[PDB]
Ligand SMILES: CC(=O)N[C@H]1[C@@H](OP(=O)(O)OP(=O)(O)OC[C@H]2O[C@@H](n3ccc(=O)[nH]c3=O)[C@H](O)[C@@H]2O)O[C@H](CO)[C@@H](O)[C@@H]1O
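We begin with a single chain expressed as structure tokens, specifically the form solved without this ligand.
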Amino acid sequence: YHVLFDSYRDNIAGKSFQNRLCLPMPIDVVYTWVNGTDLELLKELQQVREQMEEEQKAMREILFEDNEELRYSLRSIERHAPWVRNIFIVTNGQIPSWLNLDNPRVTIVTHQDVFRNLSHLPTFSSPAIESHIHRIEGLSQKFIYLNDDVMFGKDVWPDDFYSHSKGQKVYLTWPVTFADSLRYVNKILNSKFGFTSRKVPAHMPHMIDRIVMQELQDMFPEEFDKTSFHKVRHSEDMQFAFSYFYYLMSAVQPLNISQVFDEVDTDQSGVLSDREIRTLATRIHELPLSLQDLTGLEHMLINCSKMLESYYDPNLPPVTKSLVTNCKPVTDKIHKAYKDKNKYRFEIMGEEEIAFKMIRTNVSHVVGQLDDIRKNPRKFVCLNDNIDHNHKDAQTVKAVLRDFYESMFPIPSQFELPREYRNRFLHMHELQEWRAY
């Protein structure tokens, strides 16, 4: 209503500060989903055969099952993060069988649109898909990247990914074919932004800015092409969390002398007075300010005018922006005092709202981990499903995981086709674990 619109101009200034008070909206969610079908497995087999043939030629020169983790992740999106505008899922050409495509808020984005160089799209490698989400048409400027196995909890909010005051929120972990990529990107970033002891980010829903990601891609045009070229995840490729966040944390912005002059000129009258010249002297020199420093500043100023509301020294000309921006000694001292800032703001937190649990084929340990998740709910829950799949305790662990998923998120979502009539997944395996224990 009009009163709500006119209530943001009810302040003393009379302006509207929606852009500084109402968070970045809209925010979208991007998923990467792959299915273990026969055709895709055959294509992978052909690609591996080609890889082996290439290795043989080089040496001659010398001479399956998913625990429907997308369904529950989408349910978590709808339940805990209901402020998401649209949901994008990137797939080869595959559409989930349970996905309700009639919903306008869910879209399947194939690899034709995502990839730029259409001689690359049979790509079968997660970093290559990860390279080009920011090129999705219709995607909001800030979007959250979900990895199809990470879920939500405790009713997350956009305040958990970005803040207008402290910028994006970076969640880091243990210090630094996937560890090789981390080492390679560490070397590449040390080459550009200098050597720094770096940690690696956590596996969790990552908020990504399209402008920042595009700037990162433009900064390394050749290297991101290697990531896209490789049709199997290589030792040398650029990641998603590590590359984006550390470019965000090490983006250097050159000093704007006009900004210094404007922040000092409180009158906004173009000319500086003795008080503003004195605050220049304070910000430039090191405290305490001896009058020698201020007299030297005025001396460098009177020199420059000769080469190119009354002040105490009668010989000092009116100090406009042109004098300070053209006087080399003053600009040199300004650069030496105002050294390089950071182009992007960021905030660093620990692993306190992140649940990365490792599921290895031990029903007692799996139940223990899931009970730990149940007792203390956490905002970001990730469950890596590396079950042996050839073991006496594979179906039992799958049943335990599905029971945890159905306990956390039981209600079917709006993105799911009307289904699961008489589905009745095995309800007796978890009872077998109960009876054995």
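Throughout, we count residues from 1 along the sequence that is shown. Between two forms, the rigid core is defined as the largest C-alpha subset superposing within 1.5 Å.
The protein also exists as the form deposited with this ligand bound; that form is not presented, and the subsequent description refers to it.
In the bound PDB entry, at least one heavy atom of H206 sits within 4.5 Å of a heavy atom of this ligand. Proximity of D149 to this ligand in the bound PDB entry: non-hydrogen atoms within 4.5 Å are present. Proximity of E130 to this ligand in the bound PDB entry falls within the 4.5 Å heavy atom cutoff.
In the bound PDB entry, at least one heavy atom of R233 sits within 4.5 Å of a heavy atom of this ligand. With the partner omitted from this view, the residue of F124, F220, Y338, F193 that lies near this ligand in the bound PDB entry is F124 [heavy atom within 4.5 Å]. The partner is absent here, but in the bound PDB entry a heavy atom of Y145, alone among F88, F161, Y145, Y244, sits within 4.5 Å of this ligand.
The candidate stretches are 136 to 144, 75 to 83, 212 to 220, 149 to 157, and the one lying within 4.5 Å of this ligand in the bound PDB entry by heavy atoms is 149 to 157. Taken together, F64, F178 and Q239 are fully in contact with this ligand in the bound PDB entry: each brings a heavy atom within 4.5 Å.
Contacts of stretch 9 to 41 with this ligand in the bound PDB entry, defined by any heavy atom lying within 4.5 Å, are made by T32, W33, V34, listed in sequence order. Here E406 does not count as shifted, since its C-alpha moves by less than 2 Å between the shown form and the other one after the core is aligned. The rigid-core alignment places the CA of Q46 less than 2 Å apart between the shown form and the other one. Taking 2 Å as the criterion, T37 does not count as shifted between the shown form and the other one: its C-alpha moves by less than this amount when the rigid core is aligned.
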